[PDB]
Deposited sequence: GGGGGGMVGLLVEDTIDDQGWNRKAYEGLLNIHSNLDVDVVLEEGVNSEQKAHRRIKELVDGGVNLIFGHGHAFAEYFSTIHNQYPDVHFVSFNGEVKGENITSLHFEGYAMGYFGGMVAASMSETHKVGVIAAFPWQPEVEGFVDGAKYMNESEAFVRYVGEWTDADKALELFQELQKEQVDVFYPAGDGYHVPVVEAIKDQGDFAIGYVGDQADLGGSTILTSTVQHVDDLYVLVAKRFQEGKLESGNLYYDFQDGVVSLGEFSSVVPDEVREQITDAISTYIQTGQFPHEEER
């Protein structure tokens, strides 16, 4: 057990930094981080040093590390490779994925429940984001609020994302789900300003906003890192693409706002528990 982490220039790579930090903290291994790994070239070189130094478990934060690891995981049989998000096939190579639909759904229930205009909205980056569907379905499952979905071209365009906020503003939308790590705060802020409600993204977001953050659709990257580094130690870590959701314990909802009626919570807290055992949504 000696863990390395490859990270590339800016979701939030800080959730990976804290992940590696807890790995070295909650387990007893030595940790090493390589930053600015932006090409197969660099990735391959930094893998040599890492295994030279004696790392035997290497993480890649991001979808491209899977391809990077794939073109090299066979010359390092004695080393296991985990990627965050790619598609991988092999024995000493794994890939991690967070399940998005669920969290979006439950988040959307709170969203709608807390809406005055029965008009909720999602400002996401791309259509393939599960959270977008599950969100709409939540704002339908219980309030039947007309959902507005706007797509930003990408994850870092705070500008456009803010325009989409404004746009939906002029449509009497009052609860927002800005599902893009890159522009999330810029948009949460503008909301707190306007006095509307938002749903946190990937992070607890409560303290970085406040009473404006009804709740947050949280993905525990730091936890998943530790988790995955623990199975690799206990020899029990699978290979290939693994998927995590509310049932695996690394996906949740953030601390509800004081604002949310104590009943709306109970309902969801129960829907979640149900979904954790059943595997189905309140509809």
### Query
Where does the model have holes with respect to the deposited sequence?
1-5, 16-19, 293-296
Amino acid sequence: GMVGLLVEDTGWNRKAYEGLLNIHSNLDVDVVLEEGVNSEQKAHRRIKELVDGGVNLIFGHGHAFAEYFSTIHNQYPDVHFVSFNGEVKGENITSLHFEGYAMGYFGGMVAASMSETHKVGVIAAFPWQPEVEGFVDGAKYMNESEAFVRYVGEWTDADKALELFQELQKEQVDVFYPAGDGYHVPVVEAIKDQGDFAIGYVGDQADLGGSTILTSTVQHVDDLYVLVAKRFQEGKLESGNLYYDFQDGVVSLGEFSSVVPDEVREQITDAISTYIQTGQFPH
From here on, numbers count along this sequence of modelled residues.
## Note on the structure
Looking only at C-alpha temperature factors in the entry, 15-23 or 263-271, the higher average sits in 263-271
### Query
Given the B-factors recorded for C-alpha atoms, which segment has the greater mean, 39-47 or 253-261?
253-261
### Message
In terms of recorded Cα temperature factor, pick the maximum from 119, 80, 150, 97.
### Response
119
### Peak C-alpha temperature factor (PDB record), options 205, 129, 85, 169
169
### Query
In terms of the CA temperature factor given in the entry, to which third of its chain does residue 141 belong: lowest, middle or highest?
highest
### Task
Going by the recorded CA B-factors, say which third of the chain residue 157 sits in, lowest, middle or highest.
lowest
## Note on the structure
By the entry's values, the third containing the CA B factor of residue 238 is the highest
### Summary
Sorting the chain's modelled residues by C-alpha B-factor and splitting them into thirds places residue 2 in the highest
### Task
Rank-wise, by C-alpha B-factor, drop residue 28 into the lowest, middle or highest third of its chain.
highest
